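Only one chain is included here, represented as structure tokens and corresponding to the form solved without its partner chain.
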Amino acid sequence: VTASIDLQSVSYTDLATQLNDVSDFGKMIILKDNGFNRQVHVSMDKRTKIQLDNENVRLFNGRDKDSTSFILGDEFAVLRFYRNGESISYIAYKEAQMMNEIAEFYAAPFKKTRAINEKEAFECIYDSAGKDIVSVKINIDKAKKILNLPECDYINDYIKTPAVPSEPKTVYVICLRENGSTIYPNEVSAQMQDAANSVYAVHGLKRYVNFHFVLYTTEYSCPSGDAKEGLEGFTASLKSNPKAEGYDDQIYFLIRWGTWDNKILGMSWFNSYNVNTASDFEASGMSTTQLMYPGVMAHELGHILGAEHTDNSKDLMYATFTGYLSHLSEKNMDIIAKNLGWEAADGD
């Protein structure tokens, strides 16, 4: 038979054993729900590398028609796809204690919600007298609609700074866990994957960049709730660190779970990265990493690469949070690409 994944009982080892079988030529996997039955061709994502505290995390793609991606570490796995245009994540941690802590973490915002409603946005998956949770299913769009939280945004999240290569250039995206913050691996890896993929989708840019995210902790924490103050302070702290000398031409993100003052989701120095002139830790920003707000790091990385705000509410670079993950602006596409070495004579 074709290999299949039962989404009604999907566990970490389900996802690990399936993805670990994906050879260099890809593999067909059936995504199997009740009568719902999508077949996807899965491949290794060779564009992007990720360590989280030196733990190696691998990405997997479907074809474009599949609208499907995976994340796999030793500790956790993620499947994300779209059904009727809604982002749905299956999240499964390997260790039972961590999986329960994750399931209680995602259930707690619904503690006042009617259970009838809740099963649309958030659902525990159990092992086939107390049940064992092997994964959770989140529909963030439905989640937002059920919890009806106040909207966040990015209104003022950028400050004015300060041939085809034979192989892509490696750009490190060095992410730093703010001192004191509680950060979960499935949520950070999802931001990283989305950030990198929003770039590769533009002008065939994988020929020019292969992003390499790493994550460690920093002693720095924001002195206030003010995002500008925080980024100013964070850039200063990169120049102070001797453990970072020699790496002033990479990209730097301070990361946390919550937002800053005025529901601001992130901040970065505008148009501060260029593959020829990057210097002095200028290509730095901050980013929220919570699951309800996909695409934030992508949005901030776009700014770092020159992309401006746009007036389409389906664009990644809309000034209000939208959930959307793709650059729609031809102006932004050209300048981001230009900053990574691309010219129109190169084609896509």
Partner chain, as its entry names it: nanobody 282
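Numbering follows the first chain given and starts at 1. Definition used throughout: the rigid core is the maximal C-alpha set that superposes within 1.5 Å between two forms.
Just so you know, the form deposited with its partner chain bound exists too; it's not on screen, but the next bit is about it.
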| field | its partner chain contact at residue 34 in the deposited bound form, heavy atom, 4.5 Å | value | no
| query | Hey, in the deposited bound form, does residue 96 get a heavy atom within 4.5 angstroms of its partner chain? | reply | yes
| Heavy atom to heavy atom, is residue 75 within 4.5 Å of its partner chain in the deposited bound form? | yes
| query | Is there a heavy atom of residue 86 lying 4.5 Å or less from a heavy atom of its partner chain in the deposited bound form? | reply | no
| For the spot marked by 54, 127 and 134, is every residue within 4.5 Å of its partner chain in the deposited bound form through some heavy atom? | yes
| message | Among the candidate stretches 136-144, 87-95, 209-217, 112-120, which one is within 4.5 Å of its partner chain in the deposited bound form when only heavy atoms are counted? | response | 87-95
| query | Which listed residue (245, 167, 151, 101) meets the criterion of a heavy atom within 4.5 Å of its partner chain in the deposited bound form? | reply | 101
| said: Quick check on residue 33: with the core superposed, does its CA move 2 angstroms or more between the shown form and the other one? | reply: no
| Does residue 311 count as moved between the shown form and the other one, where moved means a C-alpha shift of 2 angstroms or more after fitting the rigid core? | no
| If we fit on the core, is the Cα of residue 65 displaced 2 Å or more between the shown form and the other one? | yes
| task | Tell me whether residue 144 and residue 66 end up closer or farther apart in the deposited bound form, going by their C-alpha atoms; the shift is 3 Å or more. | result | closer
| in the deposited bound form, do the Cα atoms of residue 204 and residue 64 sit closer or farther apart than here, given a shift of 3 Å or more? | farther
